[PDB]
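Residue numbers (PDB author numbering), protein chains in the order written: chain V, 364 to 415; chain P, 23 to 104; chain A, 23 to 52.
In this text, a Cβ means the ideal position worked out from N, Cα and C, and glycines have one as well.
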Amino acid sequence: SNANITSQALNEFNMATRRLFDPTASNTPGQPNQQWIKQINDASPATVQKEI
Amino acid sequence: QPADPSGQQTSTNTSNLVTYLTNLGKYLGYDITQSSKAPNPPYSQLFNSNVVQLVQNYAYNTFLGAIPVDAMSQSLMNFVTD
Amino acid sequence: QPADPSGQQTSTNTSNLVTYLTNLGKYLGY
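1) Terminal residues of the continuous alpha helix (DSSP H) containing V:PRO392?
2) To the nearest angstrom, report how far apart P:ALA25 and A:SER28 are at their CA atoms.
3) Of all the residues that make up the segment 387-408 of chain V, which are near chain A by a beta-carbon distance shorter than 7 Å?
4) For V:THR387, which residues in the same chain have their Cβ closer than 8 Å to its Cβ, ignoring the five residues on either side in sequence?
5) Mind checking if P:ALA60 is an interface residue toward chain A, Cβ cutoff 8 Å exclusive?
6) Locate the alpha helix (DSSP H) running through P:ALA81, then write down its first and last residues.
7) Along the segment 40-70 of chain P, what residues have a CB closer than 8 Å to any CB found in chain V?
8) Compare the C-alpha of A:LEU39 against each of P:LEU50, P:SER57, P:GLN23 and name the closest.
9) Using beta carbons (cut-off 8 Å, strictly below), is V:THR369 in contact with chain P?
10) Is the beta carbon of P:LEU68 sitting closer than 8 Å to the one on V:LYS401?
11) Kindly indicate which residue of P:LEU76, P:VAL91, P:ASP92, P:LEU86 has the alpha-carbon position closest to the one of V:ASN367.
12) Kindly list, in the order they appear in chain V, the residues whose Cβ is closer than 9 Å to that of P:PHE85.
13) Taking P:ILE54 and P:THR44 to be in contact with their CB atoms under 8 Å, please state how far apart those CB atoms are, rounded to whole angstroms.
14) Exposed or buried, P:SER33, counting other C-beta atoms within 10 Å across all chains shown (16 or more means buried)?
Now the structure itself:
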């Protein structure tokens, strides 16, 4: 029902490659789940430290 | 009326307080004077716990399952005994 | 009786501290 597929190389890939560019991310401002750097651009200091 | 110097002293102190808290908020990199430029509503949690948790447990599972292992009987592919 | 300007100045100043501390806490993300 929620059967989803990944390999270990592809999964380690998208674990590494999720913050810098993201295919699922919205590339137009004003939409949710934007690029991680743009989300950081408005993030709070506590938020960014949790990211660290 | 005879003005009490304590009131004037406290007024100057409070003006000094607002000035200096403006200065420190300035130094932290924010503009404190206007509430509109402040975020609304606030956020302290991370962007999305769900996507990151999903990614991390998936990576953990894929690493456990990916590596080849002796497969001839269940007790012999065992990773940890008890 | 006429009000001393020190009291009104301090009341306005206190409203500014309240507003500005809420703004700073907002900027921290709280």
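The relevant details are as follows:
1) Note, V:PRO392: premise wrong, no alpha helix (DSSP H); not H, not E.
2) When the Cα atoms are used, P:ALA25 and A:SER28 turn out to be separated by approximately 9 Å.
3) Only those residues of the segment 387-408 of chain V whose C-beta falls short of 7 Å from the nearest C-beta of chain A are listed: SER407, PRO408.
4) Hits under 8 Å: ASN396.
5) At least one chain A Cβ lies under 8 Å of P:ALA60.
6) Taken as a continuous stretch (DSSP letters only), the alpha helix (DSSP H) holding P:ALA81 covers 71-88.
7) For the segment 40-70 of chain P, the beta-carbon criterion of a distance under 8 Å to any beta-carbon of chain V is satisfied by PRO61, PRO64, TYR65, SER66, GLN67, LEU68, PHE69, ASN70.
8) It is P:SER57.
9) Contacts with chain P at 8 Å (Cβ-Cβ) include V:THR369.
10) It is not a contact, given that the beta carbons lie outside the stated cut-off.
11) Checking every option, the nearest Cα to that of V:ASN367 belongs to P:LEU76.
12) The contacting residues are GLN371, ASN374, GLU375.
13) That pair is a contact at about 6 Å.
14) With 16 or more Cβ atoms within 10 Å of its Cβ, P:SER33 is classed as buried.
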